[PDB]
Amino acid sequence: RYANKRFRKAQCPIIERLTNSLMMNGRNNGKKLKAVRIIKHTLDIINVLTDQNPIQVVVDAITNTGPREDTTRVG
Amino acid sequence: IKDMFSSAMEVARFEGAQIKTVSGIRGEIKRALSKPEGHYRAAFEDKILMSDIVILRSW
Amino acid sequence: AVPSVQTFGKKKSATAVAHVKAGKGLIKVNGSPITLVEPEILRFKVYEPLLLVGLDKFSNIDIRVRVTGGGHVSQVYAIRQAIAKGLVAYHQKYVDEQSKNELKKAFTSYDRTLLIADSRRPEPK
Amino acid sequence: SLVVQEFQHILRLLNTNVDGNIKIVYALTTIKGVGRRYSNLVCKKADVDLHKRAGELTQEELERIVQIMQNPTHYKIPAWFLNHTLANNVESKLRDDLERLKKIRXXXXXXXX
Amino acid sequence: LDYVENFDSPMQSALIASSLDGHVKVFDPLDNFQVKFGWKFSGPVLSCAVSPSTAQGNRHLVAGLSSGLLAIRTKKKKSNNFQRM
Amino acid sequence: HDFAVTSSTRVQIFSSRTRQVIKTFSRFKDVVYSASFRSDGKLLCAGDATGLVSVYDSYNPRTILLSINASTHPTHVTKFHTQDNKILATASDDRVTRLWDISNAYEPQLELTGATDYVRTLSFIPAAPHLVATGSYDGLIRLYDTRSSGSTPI
Amino acid sequence: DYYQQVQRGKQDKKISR
Amino acid sequence: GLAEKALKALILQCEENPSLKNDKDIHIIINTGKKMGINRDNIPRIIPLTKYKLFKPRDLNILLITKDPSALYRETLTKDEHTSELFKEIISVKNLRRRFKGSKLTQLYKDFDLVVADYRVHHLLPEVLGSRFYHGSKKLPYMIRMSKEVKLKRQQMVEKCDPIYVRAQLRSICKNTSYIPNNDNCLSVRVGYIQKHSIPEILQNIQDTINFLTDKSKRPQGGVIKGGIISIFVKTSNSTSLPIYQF
RNA sequence: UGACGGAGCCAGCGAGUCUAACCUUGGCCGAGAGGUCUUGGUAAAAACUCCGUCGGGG
């Protein structure tokens, strides 16, 4: 259970937290074993291309794309 | 219940009617079933058989 | 007689009746080895009570597990629960106590759902 | 420094333009009505490789496929393996059934006016 | 052309070459590239390659012709109480 | 235990022991010239007549993992580097050889050039990962240093 | 006109019966 | 000497009436004297043709209904080049009950022309294949002895099919026709197709069926009619009965 | 967010001597009611995993 507390969502191991955001469409909700089979097929590809680690890349992906200043609407 | 009323409009002139059976149970006929032209749903007081013959009294 | 210990494992509506007795080191699920579990991606979800504590501690024991109910996934959460409970309730009975608190601290730091049923009873707000 | 070999793209078979860069098991299926398995049998009957492209297949081996395809029954082909005005009257019948019935009852008389 | 090295053979390093005559001849860099063995295939040979040194199975010399032919050649490769006494 | 074999629009994979076709690549549009494997062994190339090298994993003919649109002239030779397993180098009929880094399939890492006529072979050298032997059809085997500017040979 | 002669034969046999 | 004038009146009228035009078979229906003591199972007892054929097996949509494991029967039948095109669809009972429920069953009644089950699952079939096909005996499911292999008692019977022999059975089951036994006297058997072959082909085909059904020899398949046939009646699925051999 | 064909295994509520269709050609028996047989037409656990194959609308 990661939904109950406010910041309990942080301790999800991000590889799962990446698979959970893969099943976001009405054609895709409630199909996790399809999503896990994608990531295990995806993490193989990142190795074959860039030898380093898939999981070092996924961590380095989230560090880059998350913005640093976001703009909001004022009244 | 089949083949008592010919059209789905004929049932609608007769809904709410106190249908009874041979066996002596009562009921009412409620809605005209659509996809065949004649039949209708009817709620009795207990489980009707297949071997049983409904009769609606009239004058 | 024969030293055995019976523990249960429960997810959504799936039970898991794991008899654990002293033996040679075979681990069966429904009259079939544990290397033949169905979903084939979640097979390492049931190798967790094997590989967390170390595969040596299964060398003398048998793990007969039979499951009913549930789905494909919610049975795999039942066999990983009843193997963890069936291992950690044999060391408090027929092997040493200090083994048990080494195991119960091993499964705890990894995932507490192995031991106690995470019951997702409702909440009204 | 020479080397020599045995290609013609889009071709016309039984008035149908057959695309050259695809398999003959599938290039024959763009002809109207002929099944995929029917295109699978004729390549076997004409002793043609299934996985060739349509841009191959010299006109010797083309017409042998043509002789089988336009005349199946002389080449042991199984016979199975080959390829509302009554609405508008009964609509007029059924509305006249309603319109008479609209007359007999009084409540339905307010509709059409 | 193809080069392979340190494999199960009396000749350590092999150099085979196609000649568009069907004619694959085998050369060696230890022996000043002298001609050692020759095959002749039917039509002209375009592609030729040998299984590597780490093959640990039946080797292959696969040569490919212009006329549509592959040509593969290979070097192939009681009771318990009774036993206690 | 396997060797790739080019054909007209087809790369087949034969076996060692059974000597028959295991798998067949056929998704190519026109004739595919060269099919090498990487030194890892996982992932092979294929250069077409439409000029696209379509590198993907072997033992899996249904997933074109990476479709490098190389030159519009037909690429004859696509090889992988022996030393560094992620740098590809293709050639073309465009008389330029392009060292592709398959992290970036949308830009050549280096355009290696200067060829007079029809490069139809290149090969790498074991002691130097930077040095590349590239043979034109005019004669005149070019030798390049990819850590240099590279547009001229050494 | 032989078919209908049979068809009326079986039909008239009933109405006699 | 009454046959052709009876039968010419059938074919001539078969052209004229449009309701009569749609049907394409010729039955002979036979009212034997005494009641036949065999009750109606749905095991179709086939008769042999001594002179002619009715159908080559490449003229019919042929469905084959086999056992559960069904990979030994799917792939031996397909590849062995005597039965590649012979069957239209190879289907399993487990994949029949699961796939075709409800109104898809009327289409499959209309899609296939002749349906054949494995003999050892022929009896389970009238629940699966449905109560449409057991109206009369047009699409009544034949059985084929799959294996040329006997089941000995207290003995494992091996699973094996040989496509020479099931080709040989379909040739022996499509060239000739089939009856079914009834508890009453009246039974029917098809004799010829209305436009494949004309009256003297049918007329020879008539006299074989009344001969095979009458012989005390060839008894478990032909020794049915006891005493004498009272009459035989040529009529299609829709036409009226035309008498011939009234005694 | 494909198309097809096999193979793999997974539930939980439910069990009133009660659970279920129409139309048609034809034979025979019967004084009839009807019986019986014949004949054609029309209606009526899955996702999931694994393998094989494929790459405008009417």
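Residue 1 is the first one shown; counting continues down the chain.
Heads up, the Cβ atoms here are built off N, Cα and C, so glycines get one too.
Lifted from Swiss-Prot, the feature list:
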MOD_RES   D:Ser1  N-acetylserine
CROSSLNK  D:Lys32  ubiquitin cross-link
MOD_RES   D:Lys44  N6-methyllysine
CROSSLNK  D:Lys45  ubiquitin cross-link
CROSSLNK  D:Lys76  ubiquitin cross-link
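Annotated features taken from Swiss-Prot, shown on the structure.
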residue : record               : Cβ neighbours (10 Å)
D:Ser1  : N-acetylserine       : 4
D:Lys32 : ubiquitin cross-link : 9
D:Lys44 : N6-methyllysine      : 13
D:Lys45 : ubiquitin cross-link : 16
D:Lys76 : ubiquitin cross-link : 12
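Chain H comes close to D:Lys76, taken from the recorded positions D:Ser1, D:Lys32, D:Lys45, D:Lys76 by a C-beta to C-beta distance under 8 angstroms.
Using a CB-CB cutoff of under 8 Å against chain A, none of the recorded positions from D:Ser1, D:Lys32, D:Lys44, D:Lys45, D:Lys76 qualifies. Recorded residues D:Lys32 (ubiquitin cross-link) and D:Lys45 (ubiquitin cross-link) have their alpha carbons 20 Å apart, per Cα-Cα distance. Counting only the Cα atoms, the space from D:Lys44 (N6-methyllysine) to D:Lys76 (ubiquitin cross-link) is about 12 angstrom. Between the alpha carbons (Cα) of D:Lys45 (ubiquitin cross-link) and D:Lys76 (ubiquitin cross-link) lies a span of roughly 9 Å. Rounded to the nearest whole angstrom, the C-alpha distance between D:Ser1 (N-acetylserine) and D:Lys76 (ubiquitin cross-link) is 49.
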